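Chemist: Below is the structure I would like to discuss, written out as C-alpha coordinates.
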Amino acid sequence: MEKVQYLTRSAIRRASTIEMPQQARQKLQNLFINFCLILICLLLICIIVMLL
Amino acid sequence: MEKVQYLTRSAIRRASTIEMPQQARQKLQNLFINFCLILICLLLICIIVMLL
Amino acid sequence: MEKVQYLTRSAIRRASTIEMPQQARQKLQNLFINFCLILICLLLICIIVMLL
Amino acid sequence: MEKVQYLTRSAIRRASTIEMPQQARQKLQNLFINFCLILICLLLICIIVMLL
Amino acid sequence: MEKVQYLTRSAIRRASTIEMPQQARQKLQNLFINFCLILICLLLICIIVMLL
(Lines give C-alpha, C1' and ligand atoms only; values in the text may rest on other atoms or scores of the structure.)
Protein backbone atom coordinates (compact mmCIF):
# COMPACT_ATOMS: atom_id res chain seq x y z
CA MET A 1 0.00 0.00 0.00
CA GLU A 2 2.18 2.92 1.20
CA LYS A 3 -0.35 4.94 -0.81
CA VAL A 4 -3.07 4.52 1.85
CA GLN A 5 -0.85 4.82 4.95
CA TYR A 6 0.28 8.06 3.29
CA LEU A 7 -3.24 9.44 2.73
CA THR A 8 -4.72 8.30 6.07
CA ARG A 9 -1.62 9.59 7.90
CA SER A 10 -1.91 12.90 6.01
CA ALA A 11 -5.44 13.41 7.40
CA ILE A 12 -4.92 12.38 11.05
CA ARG A 13 -1.98 14.81 10.79
CA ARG A 14 -3.99 17.77 9.45
CA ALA A 15 -7.12 16.81 11.42
CA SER A 16 -5.45 16.79 14.86
CA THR A 17 -7.02 20.27 15.19
CA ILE A 18 -10.61 18.93 15.29
CA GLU A 19 -12.82 16.96 17.73
CA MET A 20 -15.83 15.27 16.08
CA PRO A 21 -16.79 11.60 15.45
CA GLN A 22 -16.35 12.31 11.70
CA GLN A 23 -19.93 11.11 11.06
CA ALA A 24 -21.21 14.35 12.66
CA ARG A 25 -19.06 16.46 10.31
CA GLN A 26 -20.61 14.95 7.15
CA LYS A 27 -24.16 14.53 8.55
CA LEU A 28 -24.07 18.13 9.87
CA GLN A 29 -23.04 19.91 6.62
CA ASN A 30 -25.79 18.14 4.63
CA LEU A 31 -28.44 17.88 7.38
CA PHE A 32 -27.67 21.52 8.27
CA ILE A 33 -28.27 22.99 4.79
CA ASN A 34 -31.62 21.16 4.49
CA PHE A 35 -32.35 22.30 8.06
CA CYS A 36 -31.59 25.87 6.94
CA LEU A 37 -34.14 25.79 4.09
CA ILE A 38 -36.85 24.68 6.55
CA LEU A 39 -35.60 27.19 9.14
CA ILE A 40 -35.77 30.15 6.72
CA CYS A 41 -39.29 29.00 5.73
CA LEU A 42 -40.85 28.85 9.22
CA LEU A 43 -39.07 32.21 9.65
CA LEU A 44 -40.70 34.14 6.76
CA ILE A 45 -44.04 32.72 7.96
CA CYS A 46 -43.45 34.17 11.45
CA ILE A 47 -42.73 37.66 10.07
CA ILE A 48 -45.92 37.44 7.97
CA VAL A 49 -48.08 36.38 10.94
CA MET A 50 -46.80 39.56 12.62
CA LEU A 51 -47.76 41.91 9.73
CA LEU A 52 -51.35 40.59 9.76
CA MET B 1 -20.61 -11.89 -2.08
CA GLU B 2 -20.25 -11.43 1.71
CA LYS B 3 -19.51 -7.84 0.67
CA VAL B 4 -23.19 -7.12 -0.12
CA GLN B 5 -24.75 -9.08 2.75
CA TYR B 6 -22.40 -6.99 4.90
CA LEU B 7 -23.46 -3.62 3.44
CA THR B 8 -27.20 -4.38 3.21
CA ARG B 9 -27.13 -5.85 6.74
CA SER B 10 -25.26 -2.75 7.97
CA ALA B 11 -28.12 -0.51 6.76
CA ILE B 12 -31.15 -2.52 7.96
CA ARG B 13 -29.22 -2.52 11.26
CA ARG B 14 -28.69 1.26 11.44
CA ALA B 15 -32.03 2.02 9.75
CA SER B 16 -34.20 0.08 12.23
CA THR B 17 -34.85 3.53 13.74
CA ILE B 18 -36.84 4.78 10.71
CA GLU B 19 -40.25 4.10 9.09
CA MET B 20 -40.48 5.17 5.43
CA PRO B 21 -40.82 3.24 2.12
CA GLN B 22 -37.28 4.44 1.26
CA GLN B 23 -38.60 5.97 -2.00
CA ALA B 24 -40.24 8.75 0.08
CA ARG B 25 -36.91 9.54 1.79
CA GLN B 26 -35.10 10.22 -1.53
CA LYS B 27 -38.09 11.79 -3.36
CA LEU B 28 -38.77 14.04 -0.33
CA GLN B 29 -35.25 15.53 0.09
CA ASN B 30 -35.07 16.47 -3.62
CA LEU B 31 -38.77 17.24 -4.22
CA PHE B 32 -38.74 19.20 -0.93
CA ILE B 33 -35.85 21.55 -1.81
CA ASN B 34 -37.43 22.38 -5.19
CA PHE B 35 -40.75 22.77 -3.35
CA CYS B 36 -39.00 25.20 -0.98
CA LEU B 37 -37.78 27.47 -3.80
CA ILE B 38 -41.35 27.73 -5.14
CA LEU B 39 -42.70 28.13 -1.58
CA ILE B 40 -40.34 31.03 -0.75
CA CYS B 41 -41.33 32.65 -4.07
CA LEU B 42 -45.13 32.63 -3.62
CA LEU B 43 -44.25 33.87 -0.12
CA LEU B 44 -42.31 37.05 -1.05
CA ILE B 45 -45.15 37.79 -3.51
CA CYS B 46 -47.71 37.60 -0.69
CA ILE B 47 -45.77 40.06 1.49
CA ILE B 48 -45.53 42.45 -1.50
CA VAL B 49 -49.27 42.26 -2.24
CA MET B 50 -49.74 43.37 1.39
CA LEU B 51 -47.43 46.43 1.14
CA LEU B 52 -49.33 47.73 -1.92
CA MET C 1 -32.50 -7.36 -24.36
CA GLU C 2 -35.55 -8.36 -22.27
CA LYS C 3 -33.77 -6.01 -19.85
CA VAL C 4 -34.67 -2.92 -21.91
CA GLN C 5 -38.19 -3.95 -22.94
CA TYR C 6 -38.68 -4.46 -19.19
CA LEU C 7 -37.40 -1.00 -18.17
CA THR C 8 -39.04 0.95 -21.02
CA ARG C 9 -42.31 -0.95 -20.47
CA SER C 10 -42.07 -0.21 -16.72
CA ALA C 11 -42.01 3.54 -17.44
CA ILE C 12 -44.74 3.81 -20.10
CA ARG C 13 -46.74 1.80 -17.53
CA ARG C 14 -46.10 4.14 -14.58
CA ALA C 15 -46.05 7.26 -16.79
CA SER C 16 -49.50 6.72 -18.34
CA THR C 17 -50.62 9.31 -15.75
CA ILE C 18 -48.70 12.19 -17.39
CA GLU C 19 -48.96 14.30 -20.58
CA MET C 20 -45.70 16.04 -21.56
CA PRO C 21 -43.24 15.61 -24.49
CA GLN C 22 -40.67 14.35 -21.92
CA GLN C 23 -38.21 17.05 -23.08
CA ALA C 24 -40.38 19.67 -21.29
CA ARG C 25 -40.23 17.67 -18.02
CA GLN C 26 -36.39 17.72 -17.90
CA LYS C 27 -35.94 21.22 -19.41
CA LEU C 28 -38.57 22.61 -16.99
CA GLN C 29 -37.10 21.28 -13.71
CA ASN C 30 -33.63 22.68 -14.54
CA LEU C 31 -34.70 25.79 -16.49
CA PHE C 32 -37.28 26.45 -13.75
CA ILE C 33 -34.83 26.44 -10.80
CA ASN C 34 -32.48 28.84 -12.63
CA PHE C 35 -35.57 30.88 -13.56
CA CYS C 36 -36.48 30.95 -9.86
CA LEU C 37 -33.12 32.43 -8.80
CA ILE C 38 -33.55 35.26 -11.33
CA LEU C 39 -37.23 35.63 -10.35
CA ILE C 40 -36.45 35.99 -6.62
CA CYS C 41 -33.76 38.55 -7.54
CA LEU C 42 -35.90 40.92 -9.63
CA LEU C 43 -38.39 40.46 -6.77
CA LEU C 44 -36.21 41.69 -3.86
CA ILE C 45 -35.25 44.64 -6.10
CA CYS C 46 -38.94 45.54 -6.55
CA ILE C 47 -39.59 45.57 -2.80
CA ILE C 48 -36.51 47.79 -2.32
CA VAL C 49 -37.61 50.28 -5.00
CA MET C 50 -40.84 50.56 -2.98
CA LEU C 51 -39.11 51.33 0.37
CA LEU C 52 -37.13 54.19 -1.21
CA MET D 1 -14.82 7.51 -34.59
CA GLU D 2 -18.18 8.28 -36.29
CA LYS D 3 -19.37 8.39 -32.67
CA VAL D 4 -17.73 11.78 -32.04
CA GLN D 5 -18.46 13.38 -35.43
CA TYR D 6 -22.06 12.36 -34.65
CA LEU D 7 -22.15 13.97 -31.18
CA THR D 8 -20.22 17.14 -32.09
CA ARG D 9 -22.31 17.53 -35.26
CA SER D 10 -25.49 17.03 -33.19
CA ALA D 11 -24.56 20.01 -30.99
CA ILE D 12 -23.40 22.52 -33.64
CA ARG D 13 -26.73 21.57 -35.27
CA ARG D 14 -28.91 22.23 -32.21
CA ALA D 15 -26.71 25.12 -31.00
CA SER D 16 -26.91 27.16 -34.22
CA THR D 17 -29.55 29.17 -32.30
CA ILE D 18 -27.03 30.60 -29.79
CA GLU D 19 -24.15 33.14 -29.82
CA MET D 20 -21.70 32.74 -26.92
CA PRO D 21 -18.01 31.65 -26.69
CA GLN D 22 -19.23 28.52 -24.84
CA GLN D 23 -16.91 29.37 -21.90
CA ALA D 24 -19.30 32.22 -20.96
CA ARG D 25 -22.27 29.81 -20.90
CA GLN D 26 -20.66 27.51 -18.29
CA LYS D 27 -18.87 30.26 -16.31
CA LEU D 28 -22.11 32.31 -16.22
CA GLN D 29 -24.47 29.61 -14.85
CA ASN D 30 -22.07 28.78 -11.98
CA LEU D 31 -20.60 32.27 -11.42
CA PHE D 32 -24.15 33.65 -11.64
CA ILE D 33 -25.69 31.45 -8.90
CA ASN D 34 -22.83 32.30 -6.50
CA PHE D 35 -23.25 35.94 -7.58
CA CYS D 36 -26.95 35.64 -6.71
CA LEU D 37 -26.28 34.47 -3.13
CA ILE D 38 -24.03 37.50 -2.56
CA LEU D 39 -26.53 39.76 -4.37
CA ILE D 40 -29.48 38.65 -2.19
CA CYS D 41 -27.27 39.19 0.89
CA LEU D 42 -26.21 42.80 0.21
CA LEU D 43 -29.91 43.24 -0.64
CA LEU D 44 -31.44 42.15 2.71
CA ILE D 45 -28.81 44.36 4.39
CA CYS D 46 -30.00 47.38 2.38
CA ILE D 47 -33.64 46.87 3.40
CA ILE D 48 -32.53 46.59 7.05
CA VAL D 49 -30.46 49.80 6.91
CA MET D 50 -33.70 51.46 5.74
CA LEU D 51 -35.85 50.18 8.65
CA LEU D 52 -33.35 51.55 11.20
CA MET E 1 3.48 13.45 -17.73
CA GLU E 2 2.99 15.12 -21.15
CA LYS E 3 -0.71 14.94 -20.28
CA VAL E 4 -0.14 16.32 -16.76
CA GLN E 5 2.56 18.88 -17.61
CA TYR E 6 0.01 20.08 -20.18
CA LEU E 7 -2.89 20.39 -17.71
CA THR E 8 -0.87 21.84 -14.80
CA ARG E 9 0.86 24.27 -17.20
CA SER E 10 -2.54 25.25 -18.63
CA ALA E 11 -3.72 26.32 -15.15
CA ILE E 12 -0.63 28.22 -13.91
CA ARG E 13 -0.96 29.96 -17.30
CA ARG E 14 -4.64 30.95 -16.91
CA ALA E 15 -4.32 31.44 -13.14
CA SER E 16 -1.47 33.98 -13.29
CA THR E 17 -4.27 36.54 -12.79
CA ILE E 18 -5.05 35.41 -9.22
CA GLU E 19 -3.37 35.58 -5.77
CA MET E 20 -4.69 33.01 -3.27
CA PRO E 21 -3.15 29.91 -1.60
CA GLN E 22 -5.63 27.79 -3.62
CA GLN E 23 -6.93 26.23 -0.37
CA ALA E 24 -8.69 29.54 0.41
CA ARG E 25 -10.43 29.53 -2.99
CA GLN E 26 -12.08 26.12 -2.39
CA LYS E 27 -12.66 26.56 1.37
CA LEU E 28 -14.16 30.03 0.74
CA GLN E 29 -16.75 29.06 -1.91
CA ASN E 30 -18.11 26.21 0.25
CA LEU E 31 -17.56 27.78 3.70
CA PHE E 32 -19.01 31.02 2.30
CA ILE E 33 -22.33 29.55 1.07
CA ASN E 34 -22.91 27.80 4.43
CA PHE E 35 -21.87 31.07 6.10
CA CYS E 36 -24.48 32.85 3.97
CA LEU E 37 -27.34 30.60 5.14
CA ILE E 38 -26.45 31.35 8.78
CA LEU E 39 -25.93 35.04 7.93
CA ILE E 40 -29.37 35.40 6.30
CA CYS E 41 -30.89 33.64 9.34
CA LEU E 42 -29.46 35.88 12.08
CA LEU E 43 -30.53 38.68 9.71
CA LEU E 44 -34.28 37.87 9.47
CA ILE E 45 -34.22 37.48 13.27
CA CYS E 46 -32.81 41.01 13.66
CA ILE E 47 -35.55 42.55 11.49
CA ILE E 48 -38.18 40.67 13.55
CA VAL E 49 -36.74 41.87 16.89
CA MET E 50 -37.19 45.39 15.47
CA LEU E 51 -40.89 44.93 14.53
CA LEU E 52 -41.73 43.76 18.07
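Identifiers in this document derive from the order of the C-alpha coordinates: chains are assigned A, B, ..., residues are numbered from 1 separately in each chain, and ligands are numbered from 1 in order of occurrence.
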Is it possible to get the superposed chain A, fitted on chain D over all Cα pairs by sequence order, as an mmCIF file with N, CA and C atoms, in the first residue's frame?

Modeler:
```cif
data_model
loop_
_atom_site.group_PDB
_atom_site.id
_atom_site.type_symbol
_atom_site.label_atom_id
_atom_site.label_comp_id
_atom_site.auth_asym_id
_atom_site.auth_seq_id
_atom_site.Cartn_x
_atom_site.Cartn_y
_atom_site.Cartn_z
ATOM 1 N N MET A 1 -13.999 6.768 -35.576
ATOM 2 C CA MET A 1 -14.819 7.517 -34.591
ATOM 3 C C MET A 1 -16.295 7.438 -35.002
ATOM 4 N N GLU A 2 -16.740 8.304 -35.879
ATOM 5 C CA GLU A 2 -18.176 8.277 -36.287
ATOM 6 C C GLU A 2 -19.040 8.564 -35.059
ATOM 7 N N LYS A 3 -18.593 8.141 -33.911
ATOM 8 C CA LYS A 3 -19.369 8.390 -32.670
ATOM 9 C C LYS A 3 -19.160 9.844 -32.243
ATOM 10 N N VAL A 4 -17.974 10.366 -32.428
ATOM 11 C CA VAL A 4 -17.733 11.786 -32.040
ATOM 12 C C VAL A 4 -18.312 12.709 -33.113
ATOM 13 N N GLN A 5 -17.939 12.511 -34.347
ATOM 14 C CA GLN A 5 -18.466 13.378 -35.431
ATOM 15 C C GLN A 5 -19.992 13.417 -35.337
ATOM 16 N N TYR A 6 -20.578 12.390 -34.787
ATOM 17 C CA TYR A 6 -22.061 12.364 -34.647
ATOM 18 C C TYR A 6 -22.505 13.206 -33.452
ATOM 19 N N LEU A 7 -21.767 13.165 -32.375
ATOM 20 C CA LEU A 7 -22.149 13.969 -31.179
ATOM 21 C C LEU A 7 -21.799 15.442 -31.403
ATOM 22 N N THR A 8 -20.605 15.721 -31.849
ATOM 23 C CA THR A 8 -20.218 17.142 -32.087
ATOM 24 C C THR A 8 -21.122 17.749 -33.162
ATOM 25 N N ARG A 9 -21.432 16.997 -34.180
ATOM 26 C CA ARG A 9 -22.313 17.533 -35.259
ATOM 27 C C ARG A 9 -23.732 17.712 -34.715
ATOM 28 N N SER A 10 -24.122 16.901 -33.766
ATOM 29 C CA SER A 10 -25.491 17.027 -33.189
ATOM 30 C C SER A 10 -25.597 18.318 -32.376
ATOM 31 N N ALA A 11 -24.518 18.755 -31.788
ATOM 32 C CA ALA A 11 -24.562 20.014 -30.992
ATOM 33 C C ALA A 11 -24.540 21.214 -31.944
ATOM 34 N N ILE A 12 -23.474 21.380 -32.682
ATOM 35 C CA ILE A 12 -23.406 22.516 -33.639
ATOM 36 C C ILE A 12 -24.714 22.618 -34.429
ATOM 37 N N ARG A 13 -25.430 21.536 -34.537
ATOM 38 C CA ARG A 13 -26.727 21.567 -35.277
ATOM 39 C C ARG A 13 -27.850 22.099 -34.379
ATOM 40 N N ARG A 14 -27.851 21.732 -33.125
ATOM 41 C CA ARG A 14 -28.911 22.236 -32.207
ATOM 42 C C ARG A 14 -28.433 23.483 -31.466
ATOM 43 N N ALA A 15 -27.218 23.900 -31.698
ATOM 44 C CA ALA A 15 -26.706 25.113 -31.002
ATOM 45 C C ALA A 15 -26.560 26.262 -32.004
ATOM 46 N N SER A 16 -27.040 26.082 -33.207
ATOM 47 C CA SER A 16 -26.913 27.165 -34.219
ATOM 48 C C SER A 16 -27.887 28.284 -33.852
ATOM 49 N N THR A 17 -28.591 28.124 -32.758
ATOM 50 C CA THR A 17 -29.548 29.167 -32.293
ATOM 51 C C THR A 17 -28.981 29.852 -31.051
ATOM 52 N N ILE A 18 -27.677 29.927 -30.955
ATOM 53 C CA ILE A 18 -27.028 30.598 -29.792
ATOM 54 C C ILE A 18 -25.830 31.429 -30.283
ATOM 55 N N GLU A 19 -25.340 32.308 -29.447
ATOM 56 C CA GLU A 19 -24.151 33.143 -29.819
ATOM 57 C C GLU A 19 -23.336 33.469 -28.562
ATOM 58 N N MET A 20 -22.541 32.537 -28.114
ATOM 59 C CA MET A 20 -21.696 32.739 -26.915
ATOM 60 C C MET A 20 -20.406 31.940 -27.130
ATOM 61 N N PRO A 21 -19.305 32.385 -26.594
ATOM 62 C CA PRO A 21 -18.015 31.653 -26.693
ATOM 63 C C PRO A 21 -18.019 30.397 -25.823
ATOM 64 N N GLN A 22 -19.158 29.767 -25.696
ATOM 65 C CA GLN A 22 -19.230 28.521 -24.837
ATOM 66 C C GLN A 22 -18.761 28.902 -23.418
ATOM 67 N N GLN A 23 -17.474 29.043 -23.241
ATOM 68 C CA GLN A 23 -16.912 29.372 -21.902
ATOM 69 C C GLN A 23 -17.834 30.306 -21.109
ATOM 70 N N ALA A 24 -18.450 31.285 -21.743
ATOM 71 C CA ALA A 24 -19.300 32.220 -20.955
ATOM 72 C C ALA A 24 -20.554 31.463 -20.500
ATOM 73 N N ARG A 25 -21.079 30.594 -21.321
ATOM 74 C CA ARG A 25 -22.273 29.814 -20.899
ATOM 75 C C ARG A 25 -21.984 29.087 -19.586
ATOM 76 N N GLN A 26 -20.968 28.268 -19.549
ATOM 77 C CA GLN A 26 -20.662 27.510 -18.292
ATOM 78 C C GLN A 26 -20.285 28.483 -17.155
ATOM 79 N N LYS A 27 -19.307 29.313 -17.373
ATOM 80 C CA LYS A 27 -18.872 30.262 -16.305
ATOM 81 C C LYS A 27 -20.058 31.097 -15.801
ATOM 82 N N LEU A 28 -20.961 31.473 -16.663
ATOM 83 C CA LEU A 28 -22.110 32.315 -16.221
ATOM 84 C C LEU A 28 -23.078 31.519 -15.334
ATOM 85 N N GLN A 29 -23.500 30.346 -15.724
ATOM 86 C CA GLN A 29 -24.468 29.612 -14.852
ATOM 87 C C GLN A 29 -23.878 29.445 -13.448
ATOM 88 N N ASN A 30 -22.662 28.977 -13.338
ATOM 89 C CA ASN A 30 -22.069 28.782 -11.983
ATOM 90 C C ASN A 30 -21.754 30.140 -11.343
ATOM 91 N N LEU A 31 -20.940 30.932 -11.987
ATOM 92 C CA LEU A 31 -20.597 32.272 -11.420
ATOM 93 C C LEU A 31 -21.878 33.045 -11.090
ATOM 94 N N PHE A 32 -22.891 32.906 -11.898
ATOM 95 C CA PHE A 32 -24.157 33.652 -11.641
ATOM 96 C C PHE A 32 -24.735 33.202 -10.308
ATOM 97 N N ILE A 33 -25.098 31.947 -10.185
ATOM 98 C CA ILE A 33 -25.685 31.451 -8.905
ATOM 99 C C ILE A 33 -24.902 32.014 -7.710
ATOM 100 N N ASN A 34 -23.620 31.763 -7.648
ATOM 101 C CA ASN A 34 -22.830 32.302 -6.499
ATOM 102 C C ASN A 34 -23.013 33.823 -6.431
ATOM 103 N N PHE A 35 -23.040 34.461 -7.562
ATOM 104 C CA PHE A 35 -23.245 35.938 -7.574
ATOM 105 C C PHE A 35 -24.625 36.252 -6.985
ATOM 106 N N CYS A 36 -25.582 35.405 -7.235
ATOM 107 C CA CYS A 36 -26.953 35.636 -6.712
ATOM 108 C C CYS A 36 -26.910 35.591 -5.184
ATOM 109 N N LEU A 37 -26.344 34.556 -4.620
ATOM 110 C CA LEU A 37 -26.281 34.468 -3.135
ATOM 111 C C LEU A 37 -25.725 35.776 -2.566
ATOM 112 N N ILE A 38 -24.613 36.231 -3.080
ATOM 113 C CA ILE A 38 -24.028 37.500 -2.561
ATOM 114 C C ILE A 38 -24.968 38.671 -2.878
ATOM 115 N N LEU A 39 -25.611 38.643 -4.016
ATOM 116 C CA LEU A 39 -26.532 39.761 -4.368
ATOM 117 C C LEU A 39 -27.700 39.798 -3.371
ATOM 118 N N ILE A 40 -28.336 38.682 -3.149
ATOM 119 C CA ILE A 40 -29.478 38.647 -2.193
ATOM 120 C C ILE A 40 -29.001 39.086 -0.802
ATOM 121 N N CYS A 41 -27.790 38.761 -0.442
ATOM 122 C CA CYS A 41 -27.274 39.191 0.891
ATOM 123 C C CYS A 41 -27.192 40.719 0.965
ATOM 124 N N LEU A 42 -26.309 41.312 0.211
ATOM 125 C CA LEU A 42 -26.208 42.804 0.212
ATOM 126 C C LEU A 42 -27.611 43.415 0.107
ATOM 127 N N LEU A 43 -28.521 42.719 -0.517
ATOM 128 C CA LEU A 43 -29.909 43.239 -0.634
ATOM 129 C C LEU A 43 -30.572 43.295 0.751
ATOM 130 N N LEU A 44 -30.815 42.186 1.399
ATOM 131 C CA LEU A 44 -31.437 42.150 2.712
ATOM 132 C C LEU A 44 -30.784 43.205 3.610
ATOM 133 N N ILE A 45 -29.487 43.358 3.528
ATOM 134 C CA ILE A 45 -28.808 44.363 4.392
ATOM 135 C C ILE A 45 -29.345 45.751 4.040
ATOM 136 N N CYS A 46 -29.467 46.051 2.777
ATOM 137 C CA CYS A 46 -29.998 47.384 2.377
ATOM 138 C C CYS A 46 -31.345 47.604 3.061
ATOM 139 N N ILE A 47 -32.277 46.740 2.784
ATOM 140 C CA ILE A 47 -33.635 46.867 3.400
ATOM 141 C C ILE A 47 -33.496 47.147 4.902
ATOM 142 N N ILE A 48 -32.700 46.371 5.586
ATOM 143 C CA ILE A 48 -32.530 46.587 7.053
ATOM 144 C C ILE A 48 -32.057 48.015 7.322
ATOM 145 N N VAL A 49 -30.989 48.423 6.692
ATOM 146 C CA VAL A 49 -30.461 49.800 6.911
ATOM 147 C C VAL A 49 -31.585 50.822 6.736
ATOM 148 N N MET A 50 -32.577 50.500 5.958
ATOM 149 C CA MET A 50 -33.697 51.468 5.737
ATOM 150 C C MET A 50 -34.683 51.427 6.907
ATOM 151 N N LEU A 51 -34.887 50.281 7.508
ATOM 152 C CA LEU A 51 -35.848 50.176 8.652
ATOM 153 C C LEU A 51 -35.268 50.868 9.885
ATOM 154 N N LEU A 52 -33.968 50.879 10.019
ATOM 155 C CA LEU A 52 -33.352 51.555 11.197
ATOM 156 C C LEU A 52 -33.979 52.942 11.377
#
```

Chemist: Taking the backbone alone, and naming residues the way the document does, which bits of chain A are helix (DSSP H, G or I) by DSSP, as a VMD selection string?

Modeler: chain A and resid 3 to 14 23 to 51
